[PDB]
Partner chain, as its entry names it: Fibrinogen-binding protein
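Take a look at this single chain in structure tokens; it is the form deposited without the partner chain.
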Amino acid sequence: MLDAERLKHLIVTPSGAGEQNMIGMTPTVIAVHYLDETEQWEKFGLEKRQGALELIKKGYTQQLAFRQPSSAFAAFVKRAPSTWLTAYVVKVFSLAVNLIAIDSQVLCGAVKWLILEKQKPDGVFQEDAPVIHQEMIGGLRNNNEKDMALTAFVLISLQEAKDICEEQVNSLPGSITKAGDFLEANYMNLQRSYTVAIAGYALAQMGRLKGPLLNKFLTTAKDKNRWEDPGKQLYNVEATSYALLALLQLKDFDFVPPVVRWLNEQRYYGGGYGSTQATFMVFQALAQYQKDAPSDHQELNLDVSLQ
């Protein structure tokens, strides 16, 4: 389902305010992350890499114009800081650390704020100022199960910045445990396939997706190949990409095939309005599948750039 022309359209020039700039930065960052991780530059054209690195640096630099004194972010500097945007900035920037120069004070300052200002004693992360482009947060737009969905989302971001920030942010380890404890204690009660997939991946990263939880995660899949919620199932590519990442993390190779196959039948490179999370996630997940493949015969599917 993917080839060079399809992927090339995802390399775009970032612009706009604090949210718009990240919507623009997302495809370029994940496209480069995907090509580097899957080692497919030869098929895409290695000379395009430099140009992409420059757009990534431009996206990053522009985003700093919206960094607040607290190190949090919002669409406009006059606007109250968004917990979600701040965590998304961490999720994107963490992937760019070896692509361009990312200032750890920036990356870790945002991580620190998330923990020190937006996490409750019970471990839940809270949003006190929702983003304007509700289009860009994927399945979280459906506010149902928000404490669990947002807590999983922020925790996954923290895991990406853990090694880089653990030194400057002493509260990080304890924050993660608390978020993890809350997700684990409340998992069984989830009703949406979306929340099950995202919290499922968050728990898999910590070795906590076991027994009844693991069973719920797997049986929640429709036709054993996708995590979708009926009625406006536009979050299924995103949910299923999180689920594919949990399956790879669990090394549950016998359950992986129908999932990859379903993902590969989707126009997942579509981009377009509201595609930010689906885009970031499907390329992260399919890149991870290909990155893992050389070490495990069982991951034998071809989801690589075709001629």
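Each form is matched to the other, and the largest set of C-alpha atoms that superpose within 1.5 Å is called the rigid core. Numbering follows the first chain given and starts at 1.
Asker: Looking at the deposited entry, does 151-159 or 219-227 carry the larger mean Cα B-factor?
Answerer: Between 151-159 and 219-227, it is 219-227.
Asker: Mean C-alpha B factor from the entry: is it higher for 276-284 or for 43-51?
Answerer: 43-51 has the higher mean C-alpha B-factor.
Asker: Among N236, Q119, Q205, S82, which residue carries the highest C-alpha B-factor recorded in the PDB entry?
Answerer: Highest C-alpha B-factor among the listed residues goes to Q119.
Asker: Checking the entry, which one of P130, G200, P173, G139 has the top C-alpha B factor?
Answerer: Among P130, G200, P173, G139, the highest C-alpha B-factor in the entry belongs to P173.
Asker: When the modelled residues of the chain are sorted by Cα temperature factor, does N144 land in the lowest, middle or highest third?
Answerer: Tercile = highest for this residue's CA B-factor.
Asker: Within this chain, which third does the Cα B-factor at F255 fall in: lowest, middle or highest?
Answerer: Tercile = highest for this residue's CA B-factor.
Asker: Taking the values exactly as deposited, rank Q126 by C-alpha B-factor within its chain and report the matching third: lowest, middle or highest.
Answerer: Middle third by C-alpha B-factor.
Asker: How does the C-alpha B factor of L10 compare with the rest of the chain: lowest, middle or highest third?
Answerer: For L10, the deposited C-alpha B-factor lands in the middle third.
Asker: Going by the recorded CA B-factors, say which third of the chain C108 sits in, lowest, middle or highest.
Answerer: According to the entry, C108 has a C-alpha B-factor in the chain's lowest third.
What comes next is about the form solved in complex with the partner chain, which is not displayed.
Asker: So in the entry with it bound, does any heavy atom of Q233 sit within 4.5 Å of the partner chain?
Answerer: No, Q233 sits far enough from the partner chain in the entry with it bound that none of its heavy atoms falls within 4.5 Å.
Asker: Though only this chain appears here, would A221 touch the partner chain in the entry with it bound if you measure heavy atom gaps against 4.5 Å?
Answerer: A221: no contact with the partner chain in the entry with it bound.
Asker: With the core superposed, find the residue in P212, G207, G231, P121 that moves its CA 2 Å or more between the shown form and the other one.
Answerer: The displaced C-alpha is that of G231.
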